[PDB]
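These notes are about the structure you will find just below.
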2 protein chains.
Amino acid sequence: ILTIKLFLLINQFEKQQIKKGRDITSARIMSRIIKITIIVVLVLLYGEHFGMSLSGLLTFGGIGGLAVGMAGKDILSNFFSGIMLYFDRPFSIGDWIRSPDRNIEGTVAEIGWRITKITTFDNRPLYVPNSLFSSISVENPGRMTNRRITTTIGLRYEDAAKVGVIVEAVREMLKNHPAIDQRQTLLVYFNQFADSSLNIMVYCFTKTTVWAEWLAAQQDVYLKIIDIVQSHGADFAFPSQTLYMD
Amino acid sequence: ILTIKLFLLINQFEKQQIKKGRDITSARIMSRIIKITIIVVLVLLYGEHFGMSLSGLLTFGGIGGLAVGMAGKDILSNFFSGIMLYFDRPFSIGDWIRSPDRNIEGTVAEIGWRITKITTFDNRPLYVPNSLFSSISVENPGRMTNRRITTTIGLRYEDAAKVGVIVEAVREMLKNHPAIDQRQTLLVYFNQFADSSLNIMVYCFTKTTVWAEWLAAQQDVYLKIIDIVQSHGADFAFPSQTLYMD
């Protein structure tokens, strides 16, 4: 009677799957698989009243369960990480996330039990297995407080007498710029002997976090830097070489 | 009687395989393998009425099942991932899919219990084990909403006085182009001091998702950009060098 009840239940499931709309052969194969699995489980559970030697079933079930346990580790790990994400999540829907270990960059669209769906920046869907969120570092640029501007000014080696005044002028310009956050790091220093130029680092932050506003402020700063450099008699350096001719 | 029944059943299977058309020696070898496997399973299951010490079979079966369990992990994992794909699939037949972790690029042709068959873009079949779809990220360009156009305009360092007007002209041209989606990102800014040029980024989207239409729109935009740049007196920059002669 137990076998009849289980068979009728999975038969109802099978016609349910068919009515949902699916290939018939696949439904038959899945129904079989469930049939054999249920039969094996019942035989192992109900194998003493009409059963066998109590040593054979132990070994057989141990081998089968051991093989199944190592075979299904990844599928179960994904769902376990999904439960963990449900309880403790480092991001929310709509957050732009990133990782230095794997390519998962994009904005979160859906968080599921098995995979997370993320919209990339070329408008494509990306499906990430949940287990990855248990072994890699996740960065959240969507929760940033400032946008950083970093650049290098490469002057000619013959402009060594004007490095200090140029550095001071650039620092003053950055300090008086209305779009620059004055409570964050602000460094302008000459710090590198390059192959063909003397390099000056520029390192600052903007108040805004909007993409277009940050880009506009960066462009304005770059143009002002060009004007400052060219007004002091210096110039930017191309790659240079010394040629000896026969 | 059980052994006779099983032997006759697998013999019928063996002649079935032969009639299907296959090498005779391979069929004999497979029949043997099944013979020995069935004999071992029956001995371990039926080893108490005429059997042995109830400690030897436990150890023997444990060792055998442990070895078999670790030996067959990959084959069973592929089928488990096939079942998972049957129930929860991130793609469908005819979808162009991709992955940043492995080379599986192509359009899905068949989804099976063990492997997935994908048609590559040089018209070749590729067979991907199903377990890969449980540990890697899958991108679906076949479900994209827009096609992206990104490029860089490199102007000469002597064209620094015309960057703003060129940027404004390019932005206006992109804003008035009938093939550009105006509800998506649209950025045109000067954002890089390159080695030999000043770089302007162009970043926009098209309404269409068709390959040929997107390529045609991109070509039209590129030609218009060339005309705009050349009409303002600027020019594109080749790699440049400064040479000092003895």
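Ordering of the structure tokens sets the chain letters (A, B, ...); residue numbers start at 1 within each chain; ligands are numbered from 1 in the order shown.
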Note to self: Distance cut-off 7 Å, counting only C-alpha atoms - which residues of chain B neighbour chain A? Return them as an MDAnalysis selection string.
What the structure shows: chainID B and resid 44:46 48 54 58 61:62 65:66 69:70 73:74 76:77 80 100 134:141 143:146 148 189:191 195:196 240:246
Expected answer as a short mmCIF file (atom, residue, chain, number, x, y, z; two decimals) with C-alpha atoms, in the first residue's frame: strand (DSSP E or B) residues in segment 153-227 of chain B:
data_model
loop_
_atom_site.label_atom_id
_atom_site.label_comp_id
_atom_site.auth_asym_id
_atom_site.auth_seq_id
_atom_site.Cartn_x
_atom_site.Cartn_y
_atom_site.Cartn_z
CA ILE B 153 39.56 59.77 -29.17
CA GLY B 154 43.26 60.54 -28.89
CA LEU B 155 44.14 64.14 -29.73
CA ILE B 180 21.21 56.22 -29.85
CA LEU B 187 29.24 60.18 -21.39
CA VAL B 188 31.75 62.24 -23.39
CA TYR B 189 34.63 63.59 -21.30
CA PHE B 190 38.37 64.21 -21.40
CA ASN B 191 39.76 61.89 -18.75
CA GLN B 192 43.30 60.71 -19.49
CA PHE B 193 46.82 62.00 -20.10
CA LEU B 198 45.00 63.47 -24.64
CA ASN B 199 42.20 60.90 -24.44
CA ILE B 200 38.45 61.54 -24.61
CA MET B 201 36.09 58.71 -23.68
CA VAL B 202 32.87 57.99 -25.58
CA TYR B 203 30.28 55.77 -23.90
CA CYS B 204 26.72 55.25 -25.17
CA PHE B 205 24.07 52.67 -26.08
CA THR B 206 22.01 51.84 -29.16
#
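Take atom CA of residue 98 of chain A and atom CA of residue 150 of chain A: the distance between them is 20.3 Å.
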Item checked: Members of segment 12-138 of chain B assigned alpha helix (DSSP H) by DSSP, as a ChimeraX atom specification -> /B:12-20,24-45,56-71,73-87
Do a neighbour search on segment 6-15 of chain B at 9 Å with only C-alpha atoms, toss out local chain neighbours closer than 3 positions, and write the hits as a PDB file with N, CA and C atoms, in the first residue's frame.
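Result went into out_1.pdb, see below:
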ATOM      1  N   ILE B   1      18.665 -19.951  -8.675  1.00  0.00           N
ATOM      2  CA  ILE B   1      17.661 -19.470  -9.621  1.00  0.00           C
ATOM      3  C   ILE B   1      17.813 -17.971  -9.851  1.00  0.00           C
ATOM      4  N   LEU B   2      18.157 -17.214  -8.802  1.00  0.00           N
ATOM      5  CA  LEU B   2      18.391 -15.784  -8.978  1.00  0.00           C
ATOM      6  C   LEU B   2      19.568 -15.532  -9.911  1.00  0.00           C
ATOM      7  N   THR B   3      20.662 -16.276  -9.729  1.00  0.00           N
ATOM      8  CA  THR B   3      21.818 -16.116 -10.601  1.00  0.00           C
ATOM      9  C   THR B   3      21.476 -16.479 -12.040  1.00  0.00           C
ATOM     10  N   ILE B  18      24.699  -6.346 -29.339  1.00  0.00           N
ATOM     11  CA  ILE B  18      25.294  -6.834 -30.582  1.00  0.00           C
ATOM     12  C   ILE B  18      24.406  -6.490 -31.772  1.00  0.00           C
ATOM     13  N   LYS B  19      23.097  -6.725 -31.645  1.00  0.00           N
ATOM     14  CA  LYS B  19      22.184  -6.461 -32.753  1.00  0.00           C
ATOM     15  C   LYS B  19      22.125  -4.972 -33.068  1.00  0.00           C
ATOM     16  N   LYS B  20      22.329  -4.123 -32.059  1.00  0.00           N
ATOM     17  CA  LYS B  20      22.401  -2.687 -32.317  1.00  0.00           C
ATOM     18  C   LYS B  20      23.563  -2.352 -33.244  1.00  0.00           C
ATOM     19  N   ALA B  27      31.480  -5.938 -26.351  1.00  0.00           N
ATOM     20  CA  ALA B  27      30.255  -6.470 -25.765  1.00  0.00           C
ATOM     21  C   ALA B  27      30.556  -7.602 -24.790  1.00  0.00           C
ATOM     22  N   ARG B  28      31.469  -8.504 -25.160  1.00  0.00           N
ATOM     23  CA  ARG B  28      31.866  -9.573 -24.246  1.00  0.00           C
ATOM     24  C   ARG B  28      32.470  -9.012 -22.966  1.00  0.00           C
ATOM     25  N   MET B  30      32.023  -6.021 -21.585  1.00  0.00           N
ATOM     26  CA  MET B  30      30.983  -5.394 -20.771  1.00  0.00           C
ATOM     27  C   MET B  30      30.115  -6.439 -20.082  1.00  0.00           C
ATOM     28  N   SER B  31      29.770  -7.516 -20.794  1.00  0.00           N
ATOM     29  CA  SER B  31      28.988  -8.579 -20.178  1.00  0.00           C
ATOM     30  C   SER B  31      29.739  -9.205 -19.010  1.00  0.00           C
ATOM     31  N   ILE B  34      29.613  -6.850 -16.003  1.00  0.00           N
ATOM     32  CA  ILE B  34      28.320  -6.938 -15.327  1.00  0.00           C
ATOM     33  C   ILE B  34      28.210  -8.243 -14.547  1.00  0.00           C
ATOM     34  N   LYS B  35      28.721  -9.340 -15.115  1.00  0.00           N
ATOM     35  CA  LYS B  35      28.701 -10.624 -14.418  1.00  0.00           C
ATOM     36  C   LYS B  35      29.416 -10.530 -13.078  1.00  0.00           C
ATOM     37  N   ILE B  38      27.601  -8.183 -10.542  1.00  0.00           N
ATOM     38  CA  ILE B  38      26.407  -8.801  -9.977  1.00  0.00           C
ATOM     39  C   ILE B  38      26.787  -9.894  -8.988  1.00  0.00           C
TER      40      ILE B  38
END
Margin query: Can you pull out the residues contacting residue 92 of chain A? Cut-off 9 Å, using only C-alpha atoms, and skip same-chain residues under 6 positions away; I want them as number ranges by chain.
Written below: A: 108-109, 111
Item checked: Interatomic distance, atom CA of residue 93 of chain A to atom CA of residue 107 of chain A (Å, one decimal) -> 7.8 Å
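In this structure, atom CA of residue 181 of chain A sits 17.2 Å away from atom CA of residue 224 of chain A.
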